[PDB]
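Student: I have a structure here, written as structure tokens, and I will follow up with some questions on it.
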Amino acid sequence: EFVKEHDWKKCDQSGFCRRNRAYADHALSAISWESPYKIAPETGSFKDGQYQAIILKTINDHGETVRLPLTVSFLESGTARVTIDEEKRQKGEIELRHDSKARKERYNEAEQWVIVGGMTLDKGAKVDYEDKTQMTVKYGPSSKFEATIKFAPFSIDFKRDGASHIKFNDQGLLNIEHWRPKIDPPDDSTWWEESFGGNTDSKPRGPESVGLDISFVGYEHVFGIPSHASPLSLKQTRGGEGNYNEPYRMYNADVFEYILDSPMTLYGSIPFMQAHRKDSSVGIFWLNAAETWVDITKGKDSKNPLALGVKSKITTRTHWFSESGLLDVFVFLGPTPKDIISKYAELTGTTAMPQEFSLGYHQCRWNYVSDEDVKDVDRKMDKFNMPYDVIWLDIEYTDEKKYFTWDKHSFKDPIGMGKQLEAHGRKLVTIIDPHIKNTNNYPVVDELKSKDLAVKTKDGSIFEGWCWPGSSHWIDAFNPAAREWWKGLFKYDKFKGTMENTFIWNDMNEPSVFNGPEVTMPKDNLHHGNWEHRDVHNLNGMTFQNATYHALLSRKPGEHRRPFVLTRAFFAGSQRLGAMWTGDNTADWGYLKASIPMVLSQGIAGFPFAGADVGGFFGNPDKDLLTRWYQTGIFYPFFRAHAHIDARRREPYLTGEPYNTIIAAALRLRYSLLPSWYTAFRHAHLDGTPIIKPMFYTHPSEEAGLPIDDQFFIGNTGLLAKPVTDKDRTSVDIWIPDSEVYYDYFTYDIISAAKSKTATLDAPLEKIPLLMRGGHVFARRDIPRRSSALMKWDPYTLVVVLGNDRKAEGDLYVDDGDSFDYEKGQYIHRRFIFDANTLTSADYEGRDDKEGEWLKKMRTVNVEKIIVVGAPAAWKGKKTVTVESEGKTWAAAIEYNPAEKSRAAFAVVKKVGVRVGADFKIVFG
Ligand SMILES: [Cl-]
Ligand SMILES: [Cl-]
């Protein structure tokens, strides 16, 4: 590695963070503090779902003002948007220092990058009341939501169900740093040039941060703003036992040996926060791409939040501030977690339909050293009956760190290697990063430069800095021209050695710059549009993943298929583009434990296709740690083992017995559940539903679930997992959320019924703690195969899990896994309902029964086995069920097994013989 001992700005070393914390400190200390911002009421108009007005900020004691245009939008979804800009900058009436050509206006293209829907204004929104001091707009479903805009001082309260839920500027922390010239007087130490990390930011605009206090009234838990090594329920940041002392930071960065339990930034940022309490949820999305900090405090609503004499109800106070751009905030009023995340996904995108194979097990390290190493690992996985889908090539596969090349010594036959993988339906993933080596005899860099596709410096020169290849330039993927050029580099006939099973890993896209400040670009670099790097930093990774995504749609004439791209850096909207992982984690138990809250936070922030490196990246995991890590990793939506260059080889067959057998059983469970995992991804695509779901999401009425972040439900299955993540543990305590019956997935032991509680479950090394909730049906594939592609035509097993209602529902989505034919209806989506002794299968969307090639071939694929857990006693002695499908009726044998000790009664129907694409009805009893 280049950097050994890294320097990260603490809040006090970030000028605009210092200024905004100081602004908060002053406002909280001041007596009868009034925000110096007022709506000029005569400038206001409401029409057709939108309020527009001028906020006047008073900027000195003479009462001089600047004009800050306000726009409040009320969207058909019931979401609201509040935007504040700065008129002098809209007009261009400022002067940038240093003869800079940077844009004068406040960055206003975050919307262009992030927002894909949800923007229709609600012409049903209406002013309920309006005088010279305030106005209330009714909006949302049946006009149930209200926003009360107070003019002087400016504030907005967002209300429903007879209460305020979210307040803007209640504490008076609104801060829009208006443009000023650099003048010596007739505290400005952070206003202009700032130095850190071996770099001086020329700061041509001076101060321009935007900040606001957002209060969540009556909420004691807030969630989101990934990525951090931190609990799902976010910590306070202004001190106290078990709290942080610095704000959560979002400034995508390459953080060497990142630590646990910290508000420090990691590699990606999604500035979306939710607040949840029993039966009420709200949220905000802060649409800003610049460095952003969020302070969080909790206490009573009184100015001294520890005062006596006041009601105890807790308000969570949050203080958001970004270096530049618009103040631009979306407000979600729920009332459930599912509602909020759905509405957020309508705005920023749902999860892309994945390549099916990408849900399988990925095998990676730094590095497989040759094409022969790759082919050998492939063979050994099969020798050891460990299924996997993809083998990965880290940076040593390239010729001297030039992307779009292969090391000729070590990778002489990449097509041969590809074809070997293709023999089991397996894939290859190759790393490609945004740093393009600055060297002679390299057409990729020649074109990057001559076509003006590289990121620029403060004076418009091509930026140069160091990364893996040494001296490099960076693709400016903000430029559509750069994205279009990038597409051309990936065609199979151009990127020699690649073929139809080759997909792509994007890394170091924060961007990582080894000699740059905080290992990234200078803030005064310039991008396409003449935006400063400060304006757009948190978007950078996403623009690069975007470029690569679009490059993989078609790589030869007539091809049109789903990309698979892994990214390190990301933003709101990256869910449209592929997977993420949590970067360079460490081979230790605390990082295994921490992975679960991190991966959960990803999904509730609308980017669920997420995982952590299995085994941990840095170091050498003990055999038990590695084994437990597989048992956790099979529940990551993105499931990959990876290891640092100095770490011992740890392909899973190297572990030794008994670990090999336990790891193989974990892999087989992941594969068996693939039908249900894929269906979970379908729901993420349809409406932004998380793939693995925390308790707050599934059980919004159960208050005790709010701080729980070590257990989760899988998709739409009712499967409740709590992996073991502690050394030498041989049992686990699972929180049972409700009064439903819960069954051990493996033994059908009844773990709980009738009442929410904590249950202790035996959990030796060989146990994966996994429960099945009553009321659910899920599909699996029992026949073990070497890869997901080799399962494609195999029969399904349905597991029907009954509680006392003897009623259940679930679903199964299947398609060709690769094309966009799903857009034209070429898929199977079954809704399974058990009710009144009958299991039925119907099309999920109610479509009437034109079959393409894939649908036709699926006519050979059946449901063959049904297992009913919690089978009623009345079925005892009955030797058949009656099956009806496609006009034919027949008996199928059923085996009834009575309850025994704590094991549930269960019944098994074998050789059901019904095609999965057809309606059916099966009557029991
Ligand atoms: Cl002005
Ligand atoms: Cl749910």
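What is reported rests on the model, the rules as stated and the sources as named; nothing here is a laboratory result. When we count neighbours, we look across all protein chains shown, and the Cβ atoms used for this are built from the backbone with ideal geometry, even at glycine.
Student: For residues that are under 13 Å from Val455 (Cα atoms) and either surrounded by fewer than 24 Cβ atoms within 10 Å (Cβ to Cβ) or not aromatic (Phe, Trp, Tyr) (or both), tally how many sit in the stretch 535-558.
Tutor: Going through the stretch 535-558 one residue at a time, the tally reaches 4.
Student: Being surrounded by fewer than 24 Cβ atoms within 10 Å (Cβ to Cβ) and under 25 Å from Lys303 (Cα atoms) is the requirement here; does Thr237 meet it? Walk me through how you get there before you give the answer.
Tutor: Working: surrounded by fewer than 24 Cβ atoms within 10 Å (Cβ to Cβ): yes; under 25 Å from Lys303 (Cα atoms): yes.
Here the answer is yes, as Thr237 does meet what is asked.
Student: Output yes when any residue across the stretch 713-721 is farther than 26 Å from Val869 by Cα and either surrounded by 19 or more Cβ atoms within 10 Å (Cβ to Cβ) or not assigned by CATH to the domain that holds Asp811 (or both), and no when none is.
Tutor: No, there is no match, as no residue in the stretch 713-721 is farther than 26 Å from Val869 by Cα and either surrounded by 19 or more Cβ atoms within 10 Å (Cβ to Cβ) or not assigned by CATH to the domain that holds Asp811 (or both).
Student: While we're on this one: Would you confirm whether or not the stretch 153-166 contains a residue that is among the polar types (S, T, N, Q) and surrounded by 21 or more Cβ atoms within 10 Å (Cβ to Cβ)?
Tutor: Yes, the stretch 153-166 has at least one match.
Student: Do the conditions hold for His178, that is, is it in contact with a strand residue (DSSP E or B) (Cβ under 7 Å, 6 or more places away or on another chain) and part of a strand (DSSP E or B)? Write out each step before concluding.
Tutor: On the way: in contact with a strand residue (DSSP E or B) (Cβ under 7 Å, 6 or more places away or on another chain): yes; part of a strand (DSSP E or B): no.
The answer is no for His178.
Conditions (1) hydroxyl-bearing (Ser, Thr, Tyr); (2) under 26 Å from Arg682 (Cβ atoms); (3) in contact with a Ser or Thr (Cβ under 9 Å, 6 or more places away or on another chain), marked per residue:
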site	(1), (2), (3)
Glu766	no, no, yes
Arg773	no, yes, yes
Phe778	no, yes, yes
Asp782	no, yes, yes
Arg786	no, yes, no
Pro795	no, yes, no
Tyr822	yes, yes, no
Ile833	no, yes, yes
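Student: Something else now. Would you point out the residue of the stretch 15-67, among those that are touching a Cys at 6+ places or on another chain (Cβ under 8 Å) and farther than 26 Å from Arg81 by Cβ, that is farthest from ligand 2 (Cβ to nearest atom)?
Tutor: Result: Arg18.
Student: Need at least 1 residues that are β-branched (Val, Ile, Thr) and outside the structural domain of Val923 (by CATH) per element, so show me which strands (runs of 3 or more DSSP E) inside the stretch 806-860 make the cut, counting only ones lying wholly within it.
Tutor: none
Student: Please indicate, with yes or no, whether at least one residue in the stretch 17-32 is within 16 Å of ligand 1 (Cβ to nearest atom) and surrounded by 14 or more Cβ atoms within 10 Å (Cβ to Cβ).
Tutor: Among the residues of the stretch 17-32, not one is within 16 Å of ligand 1 (Cβ to nearest atom) and surrounded by 14 or more Cβ atoms within 10 Å (Cβ to Cβ), which makes the answer no.
Student: Given the structure, is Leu359 away from ligand 1 (no atom under 16 Å from the Cβ), assigned by CATH to the domain that holds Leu121 and farther than 16 Å from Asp170 by Cβ?
Tutor: no
Student: Given the structure, is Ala152 more than 30 Å from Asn525 (Cβ to Cβ), assigned by CATH to the domain that holds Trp8 and more than 16 Å from ligand 1 (Cβ to nearest atom)?
Tutor: Yes: the conditions hold for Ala152.
Student: Have a look at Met499, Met542 and point out the one that is within 20 Å of the chain's Cα centre (by Cα) and within 30 Å of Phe357 (Cβ to Cβ). Full working, then the answer.
Tutor: Details: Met499 fails: within 20 Å of the chain's Cα centre (by Cα).
Going through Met499, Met542 in turn, the sole match is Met542.
Student: Then there is this: From the list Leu347, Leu326, pick out the single residue that is within 21 Å of the chain's Cα centre (by Cα) and under 30 Å from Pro69 (Cα atoms).
Tutor: Only one candidate passes the filter, namely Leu347.
Student: So, in the stretch 79-101, of the ones that are part of a strand (DSSP E or B) and either farther than 11 Å from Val329 by Cα or within 26 Å of the chain's Cα centre (by Cα) (or both), which residue ends up nearest to ligand 2 (Cβ to nearest atom)?
Tutor: Checked the stretch 79-101; the qualifying residue nearest to ligand 2 (Cβ to nearest atom) is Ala80.
For (1) within 16 Å of ligand 1 (Cβ to nearest atom); (2) over 30 Å from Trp192 (Cα atoms); (3) buried (at least 19 other Cβ atoms within 10 Å of the Cβ), each residue gets a yes or a no:
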| site | (1), (2), (3) |
| --- | --- |
| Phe74 | no, yes, yes |
| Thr83 | no, no, no |
| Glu93 | yes, no, no |
| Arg97 | no, no, no |
| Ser100 | no, no, yes |
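Student: Please state which one of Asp157, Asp188, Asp184 is at negative phi and assigned to a strand (DSSP E or B).
Tutor: Answer to the check: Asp157.
Student: Next up: Among the residues of the stretch 44-57, is any within 13 Å of ligand 1 (Cβ to nearest atom) and of a type in the set (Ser, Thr, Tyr)?
Tutor: Scanning the stretch 44-57, I find no residue that is within 13 Å of ligand 1 (Cβ to nearest atom) and of a type in the set (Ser, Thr, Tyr), so the answer is no.
Student: Against the condition crowded, with 24+ Cβ neighbours inside 10 Å, under 23 Å from the mean Cα position of the chain (by Cα) and under 30 Å from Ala612 (Cβ atoms), how does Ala253 come out, does it pass?
Tutor: yes
Student: I've got another one for you. Does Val116 qualify as being outside any loop (DSSP other than H, G, I, E, B), in the same structural domain as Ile166 (by CATH) and aliphatic (A, V, I, L, M)?
Tutor: No: the conditions fail for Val116.
Student: Further question on the same structure: If only one of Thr350, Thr318, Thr292 is over 30 Å from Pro469 (Cβ atoms), β-branched (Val, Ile, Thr) and outside the structural domain of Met264 (by CATH), which one is it?
Tutor: Values: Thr318 fails: outside the structural domain of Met264 (by CATH); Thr292 fails: outside the structural domain of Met264 (by CATH).
The unique qualifying residue is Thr350.
Student: Filtering the stretch 60-72 down to residues that are within 33 Å of the chain's Cα centre (by Cα) and within 14 Å of ligand 1 (Cβ to nearest atom), which residue is farthest from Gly334 (Cα to Cα)?
Tutor: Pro69
Student: Also: Hey, does the stretch 646-669 have a residue that's closer than 15 Å to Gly360 by Cα, away from ligand 2 (no atom under 16 Å from the Cβ), touching a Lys or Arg at 6+ places or on another chain (Cβ under 7 Å) and of a type outside the set (D, E, K, R)?
Tutor: No - not one qualifying residue is present in the stretch 646-669.
Student: Got at least one residue in the stretch 622-629 being aliphatic (A, V, I, L, M) and closer than 16 Å to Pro387 by Cβ?
Tutor: Looking for residues that are aliphatic (A, V, I, L, M) and closer than 16 Å to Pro387 by Cβ, one finds none in the stretch 622-629, hence no.
Student: Within the stretch 642-696, restricting attention to residues that are closer than 17 Å to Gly606 by Cα and among the aliphatic types (A, V, I, L, M), which residue is surrounded by the fewest Cβ atoms within 10 Å (Cβ to Cβ)?
Tutor: Among those that are closer than 17 Å to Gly606 by Cα and among the aliphatic types (A, V, I, L, M), it is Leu686.
Student: Does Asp848 satisfy being farther than 28 Å from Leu669 by Cβ and of a type in the set (D, E, K, R)? Walk me through how you get there before you give the answer.
Tutor: Working: farther than 28 Å from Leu669 by Cβ: yes; of a type in the set (D, E, K, R): yes.
For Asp848, the condition - farther than 28 Å from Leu669 by Cβ and of a type in the set (D, E, K, R) - is met.
Student: Return the total of residues in the stretch 569-595 being closer than 13 Å to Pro226 by Cβ and either among the basic types (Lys, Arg) or outside any strand (DSSP E or B) (or both).
Tutor: Taking the stretch 569-595 first, the residues closer than 13 Å to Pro226 by Cβ are 569-572, 574-575, 580-583, 594-595.
Now drop any that are not either among the basic types (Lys, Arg) or outside any strand (DSSP E or B) (or both), which leaves 569-572, 574-575, 581-583, 594-595.
Going through the stretch 569-595 one residue at a time, the tally reaches 11.
Student: If the requirement is being more than 28 Å from the chain's Cα centre (by Cα) and at negative phi, which of these qualifies: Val455, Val445?
Tutor: On the way: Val455 fails: more than 28 Å from the chain's Cα centre (by Cα).
Residue meeting the stated conditions: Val445.
Student: Residues of the stretch 127-152 being surrounded by fewer than 21 Cβ atoms within 10 Å (Cβ to Cβ), assigned to a strand (DSSP E or B) and out of contact with any helix residue (DSSP H, G or I) (no Cβ under 7 Å at 6 or more places or on another chain), which ones?
Tutor: Filtering the stretch 127-152 down to residues surrounded by fewer than 21 Cβ atoms within 10 Å (Cβ to Cβ) leaves 127-134, 136, 138, 141-144, 146, 148, 150-152.
With assigned to a strand (DSSP E or B) added as a condition, the list becomes 127-130, 134, 136, 138, 146, 148, 150-151.
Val127, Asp128, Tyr129, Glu130, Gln134, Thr136, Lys138, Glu146, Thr148, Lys150 - these are the residues of the stretch 127-152 that are surrounded by fewer than 21 Cβ atoms within 10 Å (Cβ to Cβ), assigned to a strand (DSSP E or B) and out of contact with any helix residue (DSSP H, G or I) (no Cβ under 7 Å at 6 or more places or on another chain).
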